[PDB]
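For reference, the chain that follows is the form deposited in one PDB entry, supplied as structure tokens.
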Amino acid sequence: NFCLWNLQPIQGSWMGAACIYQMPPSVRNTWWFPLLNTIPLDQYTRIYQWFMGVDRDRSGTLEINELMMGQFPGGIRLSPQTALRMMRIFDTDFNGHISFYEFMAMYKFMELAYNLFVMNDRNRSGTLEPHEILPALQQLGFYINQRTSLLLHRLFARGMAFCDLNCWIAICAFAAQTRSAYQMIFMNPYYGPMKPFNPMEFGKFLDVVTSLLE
């Protein structure tokens, strides 16, 4: 339902079966590509309409200041800091621009992360306490240990006691950004033939890397 690594394509997706292979391999081959096939036709049309409207120079890309104008699921408004992390899930060579398919995926990633926060606010307090962060990330497919969980709150909560939607979205941006970093590292053919993605093993990477931000 929420696992980033095995999102089922939906009925009534905006793409027909052959369209998948019309996508450039650049998009096709990415870890986040399955997000695209969970977007229904009407959400696609809406996202497309928006992007064309902000894309005043007709470049086919957004940069961070256009991204921050976005009207995101749950009324999420992006901080500069979080918008940068979000761009960097997709912009892995610091162009400072994302494509339309990358934006589509970012938007659907935000919706999934929103929905997940709401699902986990079982007591309807409107926030997550820091000890609630770990099982929620686990549902998304990020397997971390308790120390990494509590450091994530520290790092991204801007001093607040609990984890509001803004802090959750920053944590999820960082976690996905880190997933793209892992790809970029291990894409390097110096490491030899690439091992398949394993969430348990990735989690150890996320633990070690999160420590470095302290």
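Heads up: residue numbers just count along the shown sequence, starting at 1. Shifts are known only where both forms have a C-alpha. Throughout, rigid core stands for the largest set of C-alpha atoms superposing within 1.5 Å between the two forms.
Omitted here: the form deposited in another entry. The next part is about that form.
After superposition on the rigid core, the C-alpha displacement between the shown form and the other one reaches 2 Å or more for just one residue among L35, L151, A175, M68, namely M68. Relative to the superposed core, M52 shifts its CA atom by 2 Å or more between the shown form and the other one. Core-aligned CA deviation for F90 between the shown form and the other one: 2 Å or greater. After superposition on the rigid core, the Cα of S99 moves by 2 Å or more between the shown form and the other one. Legend note: Cα of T92 to Cα of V208 is at least 3 Å farther in that other deposited form than in the depicted form. Between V54 and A176, the C-alpha separation shrinks by 3 Å or more in that other deposited form, relative to the conformation displayed.
Against the superposed rigid core, the consecutive-residue runs (3 or more long) showing CA movement of at least 2 Å between the shown form and the other one span 23-29, 46-63, 66-71, 90-100.
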